[PDB]
Ligand SMILES: CC(=O)N[C@@H]1[C@@H](O)[C@H](O[C@@H]2O[C@H](CO)[C@@H](O[C@@H]3O[C@H](CO)[C@@H](O[C@@H]4O[C@H](CO)[C@@H](O[C@@H]5O[C@H](CO)[C@@H](O[C@@H]6O[C@H](CO)[C@@H](O)[C@H](O)[C@H]6NC(C)=O)[C@H](O)[C@H]5NC(C)=O)[C@H](O)[C@H]4NC(C)=O)[C@H](O)[C@H]3NC(C)=O)[C@H](O)[C@H]2NC(C)=O)[C@@H](CO)O[C@H]1O
Ligand SMILES: [Zn+2]
Ligand SMILES: [Zn+2]
Ligand SMILES: [Zn+2]
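What follows is the structure, encoded as structure tokens:
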């Protein structure tokens with residue numbers, strides 16, 4: 035990188051009910067789009083979880099009269115975005131919260147690791163992407179933690195060999211989605227991750243929700259010693275442990291949520307609740323663009339650095355990030371020499387001044403301008419190999 039990352043996860047399932055297509059991305063604000071998620075088999079095989087979303091869906095300008103074997107779906111739409119935004123890199127993300135059960139097996143043998151790297155890189159180079167993001171939630175012991183390093187080294191080795199043959203001098207990126215909870219990150223080979231990876235996407239959110247005994251801030255920076263029940267976690271303790279454990283500050287990208295977590299039948303922050311209630315798309319989760327809801331007021335914990343809405347009438351509390359929160363988090367990350375901002379996920383953002391991703395772009399100042407790759411001479415898709423020319 036030659037500047038800060040401003041990266042966003044784009045979900046392939048967002049093309050359905052959320053109706054958020056790659057052309058809806060405000061691409062001018064983004065250095066990296068992390069395309070989520072590929073699924074994984076126990077033998078290391080990386081697979082599409084949705085071939086329609088990935089490469090079959092025909093958009094308005096996609097013709098069934100094209101000759102040969104061609105890519106459509108989000109793959110062609112993202113290649114269009116890359117052409118129009120030469121500073122924007124697209125990463126292939128594998129796993130995620132719901133598809134991490136097969137990682138231990140996938141990383142467990144030389145054969146499975148070689149099959150993971152080959153199948154992942156096959157998608158990357160056929161689809162015209164710039165790298166790979168591993169989202170293993172989460173390595174659970176020392177065997178898994180060390181096998182995770184062996185898997186990353188196999189992917190790095192195969193990426194370099196691929197570039198040597200089919201993109202000489204291009205550096206394909208290798209990243210992970212990393213846990214903010216010490217119970218998980220204490221198990222990782224932090225010094226090894228610091229050496230092998232381009233970036234660690236720190237998932238500095240999901241600190242409180244339905245899994246909590248009490249309500250709490252979802253993504254606060256600091257502990258609040260005068261209301262510690264509101265801050266079961268804090269980002270700052272995680273960031274310091276990652277750097278001191280051997281991850282260089284500039285490789286850490288600070289994850290921020292474009293959604294809020296709701297608690298029902300509660301008095302306030304750091305208190306008892308009964309149930310998380312409804313959501314935008316799933317129980318207890320609200321898209322940022324739906325917040326704050328009518329009848330709720332937003333209050334700031336200036337010690338924990340966290341905003342939340344409360345509706346006295348409905349006894350509903352929602353923890354979420356505001357533009358001011360992004361400005362505070364960007365000042366924080368710059369103060370520690372971190373690599374930039376990451377967002378989960380693109381579809382829920384507001385447009386214009388109130389955009390969290392746009393707020394971050396403006397607060398960061400100087401973004402990574404490293405050029406993406408448009409040359410895929412070994413793609414099995416004739417339109418990708420021809421650069422959609
Ligand atoms: C400090 C500490 O230790 N805290 C612990 C805490 O971390 C733990 O909570 C977990 O944390 C991790 C981070 O560490 C979370 O995982 C990351 O963060 C994001 C946001 O949470 C994750 O995002 C979720 O990702 C899953 C997929 O993995 C999403 O699942 C999708 O759900 C939708 C439904 O909304 C499905 O969509 C439908 O799809 C069909 C077709 O397939 C379509 O036809 C429909 O129209 C479509 N429509 C709708 C309306 O949905 C979709 O199929 C499915 N996709 C898949 C692949 O299953 C889910 O929606 C995302 N959640 C939010 C919110 O956006 C993300 O996985 C991961 N990021 C990365 C980069 O890895 C994790 O979410 C969180 N867990 C929980 C349960 O919240 C907790 C655990 O208990 O413990 C604390 O101690
Ligand atoms: Zn539907
Ligand atoms: Zn590198
Ligand atoms: Zn700029």
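In PDB author numbering, the protein residues as written are 35 to 423.
The beta carbon of each residue, even a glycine, is placed where N, CA and C say it ideally should be.
Check: For ligand 3, which residues have a Cβ under 6 Å from at least one heavy atom, in chain order?
Finding: 205 and 232
Checklist line | Among 57, 86 and 148, the one whose alpha carbon lies nearest that of residue 76 | finding: 148
Item checked: Neighbour-count burial assignment, residue 326, 16 or more Cβ in a 10 Å radius -> buried
Margin query: Which residues neighbour ligand 2 when neighbourhood means a C-beta less than 7 Å away from any of its non-hydrogen atoms? List them by chain order.
Written below: 50 and 51
Note to self: Do residue 92 and residue 106 have their beta-carbon atoms positioned less than 8 Å apart in this structure?
What the structure shows: yes
Check: If you draw a straight line from the alpha carbon of residue 71 to that of residue 141, how long is it in whole angstroms?
Finding: 18 Å
Next item on the list: If I'm right that residue 285 touches residue 351 with Cβ under 8 Å, what's the distance once you round it to whole angstroms?
Entry: With a Cβ gap of about 35 Å, residue 285 and residue 351 do not count as contacting.
Next item on the list: Answer yes or no: the CB of residue 401 versus the heavy atoms of ligand 4, is any distance below 7 Å?
Entry: yes
Checklist line | Contained alpha helix (DSSP H) runs [length at least 4] in the segment 149-236, N- to C-terminal order | finding: 176-200, 216-219 and 224-230
Item checked: Rounded straight-line distance, which links the Cα of residue 287 to that of residue 332 -> 27 Å
Item checked: Option in 113, 252 and 372 with minimal Cα separation from residue 319 -> 252
Notebook entry, point to check: So what's residue 390 in DSSP terms, helix, strand or just coil?
Noted result: helix
Check: If you check the beta carbons only, do residue 377 and residue 290 fall under 8 Å apart?
Finding: yes
Margin query: One question on the structure: do residue 283 and residue 372 come within less than 8 Å of each other, judged by their Cβ atoms?
Written below: yes
Next item on the list: Quick one: give me the first and last residue of the beta strand (DSSP E) that residue 291 is part of.
Entry: 286-291
Checklist line | Residue closest to residue 344, alpha-carbon to alpha-carbon, out of 307, 361, 270 and 364 | finding: 307
Next item on the list: Could you pull out every residue in the same chain whose Cβ sits closer than 7 Å to the Cβ of residue 298, ignoring the five residues on either side in sequence?
Entry: 307, 308, 309, 310, 311, 349 and 350
Checklist line | Inter-stretch contact (C-beta, 8 Å, three-pair minimum) for the segment 80-87 and the segment 387-395 | finding: no
Checklist line | Whole-Å CB distance - residue 172 paired with residue 379, under 8 Å assumed | finding: Wrong, their Cβ atoms sit about 19 Å apart, outside the cutoff.
Check: What do you reckon, are the CB atoms on residue 60 and residue 418 nearer than 8 Å?
Finding: no
Next item on the list: Provide the residue span of the alpha helix (DSSP H) that contains residue 276, from first to last.
Entry: 269-278
Next item on the list: List the endpoints of the continuous beta strand (DSSP E) containing residue 70.
Entry: 66-74
Item checked: Nearest-angstrom Cα separation, counted from residue 159 out to residue 130 -> 21 Å
Margin query: Restricting to runs no shorter than 3 residues, where is the beta strand (DSSP E) found entirely within the segment 294-351?
Written below: 319-321, 331-335 and 340-345
Item checked: Among 281, 258, 249 and 46, the one whose alpha carbon lies nearest that of residue 295 -> 249
Margin query: I'd like to know whether the C-beta atoms of residue 412 and residue 200 end up nearer to each other than 8 Å.
Written below: yes
Next item on the list: Quick one: residues in its chain with C-beta nearer than 8 Å to the C-beta of residue 90, no 5 flanking neighbours on either side, listed in chain order?
Entry: 106 and 107
Note to self: Let's test the definition: count the other Cβ atoms within 10 Å of the Cβ of residue 223 and tell me whether it reaches 16, buried, or not, exposed.
What the structure shows: buried
Item checked: Under the three-state DSSP convention, the category residue 133 falls into -> helix
Next item on the list: With a threshold of 7 Å, establish whether the CB of residue 66 neighbours any heavy atom of ligand 4.
Entry: no
Margin query: Please report the straight-line C-alpha distance between residue 422 and residue 114, rounded to a whole angstrom.
Written below: 8 Å
Check: Less than 7 Å between the CB of residue 395 and some heavy atom of ligand 6, yes or no?
Finding: This structure lacks ligand 6; the ligands present are ligand 1, ligand 2, ligand 3 and ligand 4.
Notebook entry, point to check: Would the beta-carbon of residue 132 be found less than 7 Å away from any heavy atom of ligand 1?
Noted result: yes
Checklist line | Option nearest residue 41 by Cα separation, candidates 324, 67, 51 and 62 | finding: 67
Check: Using DSSP with H/G/I as helix, E/B as strand and the rest coil, what is residue 245?
Finding: coil
Next item on the list: Specify, as a first and last residue, the run of the beta strand (DSSP E) that residue 43 falls within.
Entry: 39-45
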